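First comes the structure, then the notes that go with it.
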Amino acid sequence: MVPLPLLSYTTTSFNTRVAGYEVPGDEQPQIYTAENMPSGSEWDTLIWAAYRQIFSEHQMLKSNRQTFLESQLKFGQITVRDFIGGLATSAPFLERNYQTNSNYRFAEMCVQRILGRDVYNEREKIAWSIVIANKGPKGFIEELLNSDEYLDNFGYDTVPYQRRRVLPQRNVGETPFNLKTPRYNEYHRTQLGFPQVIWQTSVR
Amino acid sequence: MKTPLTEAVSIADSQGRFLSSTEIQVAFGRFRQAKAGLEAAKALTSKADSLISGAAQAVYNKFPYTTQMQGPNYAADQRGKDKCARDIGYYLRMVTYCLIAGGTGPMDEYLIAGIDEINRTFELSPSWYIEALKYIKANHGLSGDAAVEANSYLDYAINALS
Amino acid sequence: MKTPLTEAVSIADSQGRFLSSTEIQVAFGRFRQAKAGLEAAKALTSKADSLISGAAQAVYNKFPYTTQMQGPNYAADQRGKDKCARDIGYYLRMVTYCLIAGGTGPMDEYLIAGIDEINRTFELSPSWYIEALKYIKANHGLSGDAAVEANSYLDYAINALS
Amino acid sequence: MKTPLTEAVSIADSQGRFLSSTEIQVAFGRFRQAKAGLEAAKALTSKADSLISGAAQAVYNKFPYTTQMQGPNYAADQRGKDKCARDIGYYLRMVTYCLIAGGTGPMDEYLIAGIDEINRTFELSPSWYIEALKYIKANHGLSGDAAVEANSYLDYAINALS
Amino acid sequence: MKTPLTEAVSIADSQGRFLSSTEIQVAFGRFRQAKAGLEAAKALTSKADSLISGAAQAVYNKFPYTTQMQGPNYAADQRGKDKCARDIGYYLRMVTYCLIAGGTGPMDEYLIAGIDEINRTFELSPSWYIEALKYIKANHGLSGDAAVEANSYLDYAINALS
Amino acid sequence: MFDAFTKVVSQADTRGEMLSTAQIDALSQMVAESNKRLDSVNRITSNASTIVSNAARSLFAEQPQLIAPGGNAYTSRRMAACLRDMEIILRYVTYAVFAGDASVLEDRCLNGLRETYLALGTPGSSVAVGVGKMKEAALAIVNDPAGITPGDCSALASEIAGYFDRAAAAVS
Amino acid sequence: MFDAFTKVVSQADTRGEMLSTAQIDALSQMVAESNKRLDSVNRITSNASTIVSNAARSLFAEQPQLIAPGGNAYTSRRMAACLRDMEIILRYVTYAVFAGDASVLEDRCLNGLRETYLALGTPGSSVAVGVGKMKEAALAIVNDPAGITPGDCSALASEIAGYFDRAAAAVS
Amino acid sequence: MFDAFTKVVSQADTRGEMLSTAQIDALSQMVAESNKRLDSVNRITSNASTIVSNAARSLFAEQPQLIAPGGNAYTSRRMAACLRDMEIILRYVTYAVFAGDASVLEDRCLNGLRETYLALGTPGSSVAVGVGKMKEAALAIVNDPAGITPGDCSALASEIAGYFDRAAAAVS
Amino acid sequence: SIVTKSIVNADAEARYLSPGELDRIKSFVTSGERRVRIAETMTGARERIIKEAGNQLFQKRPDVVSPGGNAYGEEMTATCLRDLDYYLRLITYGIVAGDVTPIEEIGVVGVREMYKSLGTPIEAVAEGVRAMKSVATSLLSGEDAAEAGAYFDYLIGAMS
Ligand SMILES: *[C@H](C)[C@H]1/C(=C/c2[nH]c(/C=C3N=C(/C=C4\NC(=O)C(CC)=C4C)C(C)=C\3CCC(=O)O)c(CCC(=O)O)c2C)NC(=O)[C@@H]1C
Ligand SMILES: *[C@H](C)[C@H]1/C(=C/c2[nH]c(/C=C3N=C(/C=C4\NC(=O)C(CC)=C4C)C(C)=C\3CCC(=O)O)c(CCC(=O)O)c2C)NC(=O)[C@@H]1C
Ligand SMILES: *[C@H](C)[C@H]1/C(=C/c2[nH]c(/C=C3N=C(/C=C4\NC(=O)C(CC)=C4C)C(C)=C\3CCC(=O)O)c(CCC(=O)O)c2C)NC(=O)[C@@H]1C
Ligand SMILES: *[C@H](C)[C@H]1/C(=C/c2[nH]c(/C=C3N=C(/C=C4\NC(=O)C(CC)=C4C)C(C)=C\3CCC(=O)O)c(CCC(=O)O)c2C)NC(=O)[C@@H]1C
Ligand SMILES: CCC1=C(C)/C(=C/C2=NC(=C\c3[nH]c(/C=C4\NC(=O)[C@H](C)[C@H]4CC)c(C)c3CCC(=O)O)/C(CCC(=O)O)=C2C)NC1=O
Ligand SMILES: CCC1=C(C)/C(=C/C2=NC(=C\c3[nH]c(/C=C4\NC(=O)[C@H](C)[C@H]4CC)c(C)c3CCC(=O)O)/C(CCC(=O)O)=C2C)NC1=O
Ligand SMILES: CCC1=C(C)/C(=C/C2=NC(=C\c3[nH]c(/C=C4\NC(=O)[C@H](C)[C@H]4CC)c(C)c3CCC(=O)O)/C(CCC(=O)O)=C2C)NC1=O
Ligand SMILES: CCC1=C(C)/C(=C/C2=NC(=C\c3[nH]c(/C=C4\NC(=O)[C@H](C)[C@H]4CC)c(C)c3CCC(=O)O)/C(CCC(=O)O)=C2C)NC1=O
Ligand SMILES: CCC1=C(C)/C(=C/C2=NC(=C\c3[nH]c(/C=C4\NC(=O)[C@H](C)[C@H]4CC)c(C)c3CCC(=O)O)/C(CCC(=O)O)=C2C)NC1=O
Ligand SMILES: CCC1=C(C)/C(=C/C2=NC(=C\c3[nH]c(/C=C4\NC(=O)[C@H](C)[C@H]4CC)c(C)c3CCC(=O)O)/C(CCC(=O)O)=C2C)NC1=O
Ligand SMILES: CCC1=C(C)/C(=C/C2=NC(=C\c3[nH]c(/C=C4\NC(=O)[C@H](C)[C@H]4CC)c(C)c3CCC(=O)O)/C(CCC(=O)O)=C2C)NC1=O
């Protein structure tokens, strides 16, 4: 089989594409790296940051915790990159985030959480959606973690973060990705026959 | 904006936890700092105009070529002197802003983050600003711990320059 | 190990910069804290054994079923009481360790990080430890700001429990 | 090391394919370039010492303060002049190396990649090197297309400086 | 679309730099190529219809079973011959497009990228197209360097086929 | 992401002049009452789990439709996510009253979470009432002086109730 | 991302036929003047830092509100970002006149940067005037003869001014 | 990653008992002299760029083979990386004397950088001599008091020279 | 069409087209591209605009989804998708014509006897239309919320 190349898409103007001539301040994302030989407590903070990035805060349940992946990471058997791949390919992630979304929206969510940037255009979502259809969600995550964009920004040992959310002269940056892209959209909300209206006012 | 309370909130937020006694230790320390630092910032506000003119004259004294050669980067003409002393007052105002804020955040966001490429593009030597900051840190006339941390901020600007 | 100097070094290292006046503000604040906190930790060290026995007796008083029913999780037999008062002394020792360290780090690394799954596996109600910590924070007998931050650490343990 | 054959191999390797007619077009173009560029590099090798001394004298002429003021960054003493003309010869040697290599790779790897932080740390104005490169590109004495691409490399060094 | 100027812009963009002398070497080489390649593409445009019919007849000659057996993949009926010679003309048109574009980009984007799965799904042997391209590269009748690079593009199509 | 001091610094830089004297006297009084601000903040922080459990306790007593099957907070996973959302809101309230500015509370929650609760199908009314009840209980827990010296928390009840009402209105 | 040659190839493929003869004579004249296009491109490229510094030099002499405190390019960081934005625009102009097509300039800047400058609060008028002045200075630097064999560069001044006006209008 | 206090806490936990009294008197004296350490550290920190430039200034006067072509620090990029390596070592020395423990200096540099300099072909001897000269200049800059209340920096001189010798020996 | 009843209103008076009316038939053609793109959005997003809006009907009137009802079950609220789609269809035909005569030819005058024979209260259906108006304008622009909703208010008044 000839490998079908990724469909070409146009790039958009984003803060992450320009050089930032910035002095470190309180709005800079805290970098969690394994390179500094982390203490036993620093490993727990790095693991916590990786779960927050990939699952969101509301999905940090005791039942979603990948204890075997955490022990492999703490023993140095796997890299932080491989841990992120293991989280994004985990059963609780696929059940909660893959099965409740279309391939297009799942691609957008993975780009935001793993590459730490927004999608350039709707054509990038279409280009990644065919990778998900052909290789499954696992092969899509592996292709995203093997991108030069991932390696150049995070390497093997850094937990992904939202790149350049705030400009140094602004008290208000871009919306956090966890608020911008919640677990599911309006389309899956209508299927669940959920919230919206569930009360009959009063009798009179 | 690296100020102590902001970075304490950033630590507690990135950890995902509530505030602990660590941030309250940071706070009683920050209030201890501000209790002299605000009055020292007011004193620098009082002496600001004479300090700016003295720094500009010391810079013209140590580098006399800038007053002589024709060039729009040099302060040979009058508009060079207006813009020049304007950025002297800029440096002094950022020093007072960091004295009020309690951290190097305001100078790091308003001065430092692009100063290298600006001096590269505009043919401005940073040693001029180093001489001016040295004259300011010599002639500010404060005393005690306020004077030491004022010199700390000015030395931080010097190390960020060169 | 969330202690103020350690986390200040972590901030300065993750930013990739030198230490600034922010960490020195953190430091004069931390020394202000420790200047009473070390003596308060010594006073808790003095009153520790009677506090442990009083907490165990208050826990047996509020939950009298644990003394009665047969069960290896309950302190009906004597080995339950030995192990039980041992973990009372564990909680008190972690309180003193956080009083010395100046942050919630030691209890967070020695107690909190696995306590939920341990109480899940061993059929231990955390409310027993909440009652014991409430008795300790009522009966420690300190005064002033040392007493308030001691109560802060104990309340932090309570909120981490339930 | 941005040289045309190296970057053609990098393109064909990153694409994962064999070489095509595109790289052969790159090659007949590169041989066309080198067919004059090697002789021009030999001519610059011949005129190198007088060009270095003339550039140093023009730099002392346009910036006469550097010969006068005491300072280890300035060439007032003799060791400043030895080191100074040494880095003039460094710049000229990198120009000849890029003339042989056929791309801006050697100057980009040997000069450009750290020159900004070095001039920042050492209080060296890059305008001195801009004046020297301007004197070299005025006085190299080549003619024709070799002269135009030599001026291209020198102008590239100028734009990388400021 | 792997054409030399496009990939030069892609190199300079991915490096984040301006254009250097390397891309100008690429350019004088590309113009040297096109200066014969455009006229060779016009000559192939002139001889195209007879080349297509000769390639189809050579393909029917070497593989006589395709004219005989009933099957919609085989050109036994007339619609097979219309579609067949249509894709012969497709191959020849892509050869001329790569001759104009100066790289293997047009055939790589219009032919190669899916040809393997198409021949897999449709029961088309690629050896038929290899025989046709061999007949074309034997019978195109060009001479000199244009003929060599035309044979280069056709051999590239052959190697991409099998 | 702003302090009180960085707010005055940004305003003085947008003015382009130095800081005026009356702003410095205001900041001196702020530095005098910043610890005062803090005492409420620490006694607010220590009872946070009790605050969120009592808030959900009164809310789900008040609106039993959420606990009812088909309700938005009915499922065990969703109910845990509900308590997580409430605890997050309380934590960012404590951060904003730590730094003395509402810009941290705005930055971290407000602009996105209204659209999040619309897209999720989460009723904004119940969580608005829950944040209001949590804020009422928080000021009620803060204002009682048990083993604390006699002082004045007036303006800081003002500020804390401001932060809670800003959160409840940005939720809607 | 298109050349001149790939543009003719895509048009001939959308037609579905071979390339007509007159397009091949046009491309032969393009191959004859493509070096003519680009020696100038080289004299445009060599003076790029002088071009952007003189452009910002005239622009901030012209509109002193940007340098004034509270202005959009007032802060040192923002002013460095301003010069970076201008240098990026000049670089993509040089790329588009290298490949001989405006599609690279469209692809890399135009569709997003108008919305970026709206969202940032960047005044599109000043950067439009700056790109216009930079383009005027670029053609003025390209057109003069100082040791180069004389030639008619009339259609390439045409093309370069076209690219600069496309950039200035897409900025707005 | 350890403090002085966390070091005593970890030792007392490995013992399994409470902290003994003499360790608490030692920590009380540490809390009395910790500012003493802080004051020394701040005058070390303020002159850091002068320290690394004078250290490289004496080192490259001392070993001109590194500046010589083919030398390890000859290339401009490599020389900038050389100054970066030295500044990093000085920064982690200042961190270790801030926290009062060598475990941060060990954690952040020591275990890997010896193998890094072996694999790079970096001569460990020159950087060892440079760290030694930088440490000598650092204590020489710290020990002189200008406009500072008299204090004994001597206890610290022992500790700072210990940290610098640990760095120079772990480099080798 | 806005032509064909300006024809009818000019036919009964036995008169030609007035020039005051002739600008209205002139400005419709030059703005005909502005209404076909906002009718493309209702053509494209026709599935989303009925599916959540049907739950806005059952939230505000849950009498229909009760057993013993007119439209009860998975197959009879399926028929509400097989009925309200025509009203979402016809509003697009009201937009591209310029007025309400494709509404008036298909679904107005017989609905008093249609829904009586069906047994469904019309105002239960009509409050589904008025809730659909509130969610159609969530897709429209601030300019086009009036004029595309101007053909909605004829349909709400026709049911009531
Ligand atoms: C006198 C002090 C020395 C001197 C100064 C000089 N600088 C410029 C031009 C600029 N200076 C800045 C600097 C800042 N802008 C800021 O916003 C801040 C922090 C608040 C600083 C430090 C900038 C951005 C410019 C460019 C803007 C502009 O061009 O006006 C000039 C004018 C030269 C010029 O055209 O570019 C002068 C004269 N030069 C000397 O000779 C003195 C030693
Ligand atoms: C209880 C008060 C109300 C309620 C809560 C509720 N929230 C969710 C789901 C989410 N809530 C958020 C909110 C935030 N995420 C953030 O990162 C921040 C700021 C830092 C906020 C405010 C998000 C993103 C989600 C979706 C993803 C997730 O795991 O949590 C639910 C569950 C919905 C579900 O289907 O899982 C609930 C129940 N809802 C109510 O019923 C009360 C009115
Ligand atoms: C507020 C609702 C009630 C109130 C508070 C109040 N506090 C003070 C003063 C102090 N409070 C503290 C508390 C701490 N300092 C610490 O370092 C810590 C550990 C984190 C705590 C808990 C201290 C020390 C002070 C001042 C210094 C001291 O007490 O030694 C005041 C008055 C003084 C002031 O403004 O700071 C007040 C009023 N008082 C009430 O009546 C409210 C109900
Ligand atoms: C000077 C001519 C005008 C100006 C410039 C200006 N731009 C910014 C900030 C941004 N500019 C961009 C633009 C691009 N990014 C790209 O990747 C590309 C194409 C490859 C373009 C055209 C972006 C994304 C930003 C924001 C992120 C960033 O670092 O730069 C600023 C600074 C705004 C700030 O708050 O930092 C300035 C000043 N603005 C003016 O005032 C002039 C009119
Ligand atoms: C898992 C679900 C899933 C679907 C349904 C899906 C569709 C899909 N079809 C696409 C392209 C395509 N789809 C078609 C199909 C057709 N076009 C026609 O002319 C015919 C009408 C029809 C043949 C039946 C074609 C020709 C393209 C190519 C468009 C292009 O490459 O430019 C693309 C663009 C990216 C790419 O193919 O490589 C996507 C995302 N992707 C998915 O992941
Ligand atoms: C240093 C921090 C630390 C803590 C807190 C800790 C708790 C702890 N308590 C345990 C058991 C226990 N915990 C209790 C405690 C009680 N049961 C009661 O009825 C009383 C209400 C209460 C008395 C305080 C008892 C009786 C056991 C033994 C039960 C067992 O087999 O698991 C165990 C399992 C080990 C064992 O089985 O012996 C752990 C790990 N361990 C630690 O290392
Ligand atoms: C191969 C590429 C290459 C370059 C460009 C290079 C430059 C270079 N010049 C240096 C110093 C210097 N550079 C200058 C040059 C000048 N000062 C003046 O006043 C004159 C205007 C100008 C004469 C050209 C001087 C005098 C020094 C010695 C000053 C010093 O201690 O740092 C240094 C620091 C090394 C040292 O201190 O001896 C470097 C790395 N090194 C390289 O390896
Ligand atoms: C522009 C580049 C391009 C190429 C190369 C191309 C090939 C191509 N050839 C096809 C079929 C075909 N290809 C052949 C060709 C042959 N069979 C024989 O027996 C002969 C040996 C040979 C004559 C050259 C025939 C007869 C068909 C029709 C068979 C079919 O139903 O699929 C089809 C399927 C479309 C269809 O069924 O009509 C494609 C896509 N399409 C393209 O767009
Ligand atoms: C990549 C390195 C490189 C460069 C720089 C280069 C330039 C270059 N420009 C040339 C010609 C030329 N270049 C120009 C350019 C112009 N004349 C004007 O009056 C206009 C203002 C301006 C265009 C805007 C002209 C008119 C010619 C005449 C010869 C020709 O058509 O090529 C030639 C023809 C051969 C020769 O001069 O020896 C060369 C070499 N060749 C190279 O290999
Ligand atoms: C946080 C702790 C940390 C340390 C210690 C560290 C060292 C370190 N020094 C390096 C290079 C270097 N380090 C030096 C330093 C020297 N070589 C000499 O000739 C002198 C003996 C000495 C100057 C004191 C030089 C010249 C290089 C460049 C090697 C090269 O680029 O080829 C590299 C290779 C990658 C690169 O610099 O860009 C690492 C990883 N990195 C770290 O992250
Ligand atoms: C983070 C900002 C900050 C700084 C910089 C700071 C320094 C500082 N150093 C002090 C004291 C001191 N600092 C020194 C330091 C030394 N004396 C020598 O002769 C030695 C050479 C040298 C140590 C190497 C001494 C001796 C004292 C005497 C008072 C004391 O013990 O604190 C004090 C005591 C209070 C005061 O001076 O008002 C301050 C404020 N305080 C701050 O808040």
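First to last, the sequence lines map onto chains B2, f2, j2, l2, d2, g2, e2, k2 and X4.
Going by the entry's author numbering, the residue at position 163 of the first sequence is 163; the numbering climbs one at a time, nothing skipped.
Going by the entry's author numbering, the residue at position 153 of the second sequence is 153; the numbering climbs one at a time, nothing skipped.
Going by the entry's author numbering, the residue at position 36 of the third sequence is 36; the numbering climbs one at a time, nothing skipped.
Going by the entry's author numbering, the residue at position 115 of the fourth sequence is 115; the numbering climbs one at a time, nothing skipped.
Going by the entry's author numbering, the residue at position 52 of the fifth sequence is 52; the numbering climbs one at a time, nothing skipped.
Going by the entry's author numbering, the residue at position 32 of the sixth sequence is 32; the numbering climbs one at a time, nothing skipped.
Going by the entry's author numbering, the residue at position 117 of the seventh sequence is 117; the numbering climbs one at a time, nothing skipped.
Going by the entry's author numbering, the residue at position 15 of the eighth sequence is 15; the numbering climbs one at a time, nothing skipped.
Going by the entry's author numbering, the residue at position 2 of the ninth sequence is 3; the numbering climbs one at a time, nothing skipped.
Where a beta carbon is used, it is the ideal one built from N, C-alpha and C, also for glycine.
Amino acids of chain j2, ordered along the chain, whose beta-carbon sits closer than 9 Å to that of residue i
i               : result
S126 (chain g2) : Residues of chain j2 passing the Cβ test: none, with the nearest at roughly 24 Å.
Helix, strand or coil at residue i according to DSSP, with G and I counted as helix
i               : result
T116 (chain k2) : helix
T33 (chain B2)  : strand
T158 (chain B2) : strand
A26 (chain e2)  : helix
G37 (chain f2)  : helix
Amino acids of chain e2, ordered along the chain, whose beta-carbon sits closer than 9 Å to that of residue i
i               : result
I158 (chain f2) : Result: empty, since nearest Cβ-Cβ is about 16 Å, beyond 9 Å.
The alpha helix (DSSP H) enclosing residue i, as first and last residue numbers
i               : result
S49 (chain g2)  : 48-62
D116 (chain f2) : 113-121
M79 (chain e2)  : 76-99
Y90 (chain j2)  : 78-101
Interface residues of chain e2 facing residue i [CB-CB closer than 8 Å]
i              : result
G16 (chain g2) : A68, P69, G70
Contacts of residue i in chain l2 (Cβ-Cβ under 9 Å)
i              : result
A48 (chain e2) : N159
Partner residues on chain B2 for residue i, Cβ-Cβ distance less than 9 Å
i               : result
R108 (chain k2) : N36, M37
message: Along the region 63-92 of chain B2, where does the CB come closer than 8 Å to a CB of chain f2? Name the residues.
response: none
Three CB pairs or more closer than 8 Å across the region 33-52 of chain l2 and the region 80-96 of chain l2: yes
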